[PDB]
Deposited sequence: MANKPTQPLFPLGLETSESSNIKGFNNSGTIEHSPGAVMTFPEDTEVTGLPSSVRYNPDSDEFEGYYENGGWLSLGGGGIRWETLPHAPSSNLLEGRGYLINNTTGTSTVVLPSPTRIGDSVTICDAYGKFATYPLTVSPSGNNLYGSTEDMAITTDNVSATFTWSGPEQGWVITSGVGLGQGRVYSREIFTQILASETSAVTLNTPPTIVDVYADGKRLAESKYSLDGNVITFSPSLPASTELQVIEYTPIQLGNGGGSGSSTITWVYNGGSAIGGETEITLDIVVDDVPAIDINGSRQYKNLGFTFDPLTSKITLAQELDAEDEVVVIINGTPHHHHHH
């Protein structure tokens, strides 16, 4: 019956043994000095409770019933400073303190390998309003599209999480998040030759960011009306000016000028080029008129049905879905 030697009081050992494994039935304790290790291993095969150190990935993984290998007790963020570079590849599980004090920069998300793959960035210096961070999903999509995205709010922090290839990276956690920007086209470029109050574009744009010598200008500092950008204050000669059309991406949770403030007169219909959500009120020559009293507005048609005929040389201003 007995398969192997039996040591009823156990055994002491005074140098390192070389043991091909054991089923243990008692307490594994340690003494001062006792160092202890996990085996190196990069393989998919495993059994629940098996634990390892991954030398490739530098992560202590255990092998969980459903989903095999994974980091021990879920995961957590590995913070590091990021040298300001024009471009930087990030790794799953890290967090990057970004310093855009010097200018804009780009980070490139890693190839996703698992649902829940995560990368955290942070405007540690509060500089993204003026020097946006561009985030690149490489060829995989971000919010259902492969378009790069820029974060133009300073002090914003954000965890990107892989939802799978259909919607791709989505932000699961963050602070400070306003409108993401998806820049479509650099629709104006110019080394300004004189002091510049305004510039005219080749096309009326939807909505634009403006960049002076690679520094994003705040929306308070310029105004886009039709196809002219006006600059308050002006910009000096020699300035590297860029205008960039973009599509907003909403994370967190409007005035119309008719005929340059000139009233055609005896008209009941105003048509707004943009289909508008709502028109609560219209200011006429410093007098406010309210919807379903002074006027009727049809949303699909974008047509304001005026109650009475206009006079000649009146000033008309429209409020569009404002602080409802």
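Novice: Counting from 1 along the deposited sequence, what's missing?
Specialist: Several stretches lack coordinates - namely 1-3, 257-264, 336-341, in sequence order.
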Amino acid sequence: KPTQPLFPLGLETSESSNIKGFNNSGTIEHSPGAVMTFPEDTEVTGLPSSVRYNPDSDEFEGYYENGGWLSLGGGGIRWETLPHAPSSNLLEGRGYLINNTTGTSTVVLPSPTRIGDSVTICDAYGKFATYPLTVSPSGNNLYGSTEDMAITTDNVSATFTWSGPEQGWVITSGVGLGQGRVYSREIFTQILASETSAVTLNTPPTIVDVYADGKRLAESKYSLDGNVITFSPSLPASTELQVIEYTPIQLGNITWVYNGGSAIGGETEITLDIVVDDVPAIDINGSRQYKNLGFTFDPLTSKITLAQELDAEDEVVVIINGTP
From here on, numbers count along this sequence of modelled residues.
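Novice: Mean CA B-factor: is it higher for 121-129 or for 75-83?
Specialist: Comparing 121-129 with 75-83, the higher mean C-alpha B-factor belongs to 75-83.
Novice: Can you tell me whether 145-153 has a higher mean C-alpha B factor than 201-209 in this record, or the other way round?
Specialist: Higher of the two, by average CA B-factor, is 201-209.
Novice: Considering only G164, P137, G252, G180, which residue's Cα atom bears the greatest B-factor as recorded?
Specialist: In this record, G252 carries the highest C-alpha B-factor of the candidates.
Novice: Highest Cα B-factor in the PDB entry belongs to which of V276, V51, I28, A34?
Specialist: That would be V276.
Novice: Sorting by Cα B-factor within the chain, modelled residues only, which third would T172 end up in: lowest, middle or highest?
Specialist: For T172, whose C-alpha B-factor we compare with every modelled residue in the chain, the answer is the lowest third.
Novice: Taking only the Cα B-factors deposited for this chain, tell me whether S238 sits in the lowest, middle or highest third.
Specialist: For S238, the deposited C-alpha B-factor lands in the middle third.
Novice: Taking only the Cα B-factors deposited for this chain, tell me whether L192 sits in the lowest, middle or highest third.
Specialist: It belongs to the middle third of the chain when residues are ordered by C-alpha B-factor.
Novice: Name the third of the chain's ranked CA B-factors that contains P248, choosing lowest, middle or highest.
Specialist: Answer is middle: the recorded C-alpha B-factor places it there.
Novice: Test of reading the entry: by CA B factor among the chain's modelled residues, which third contains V228?
Specialist: As the PDB entry reports it, the C-alpha B-factor of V228 lands in the highest third of its chain.
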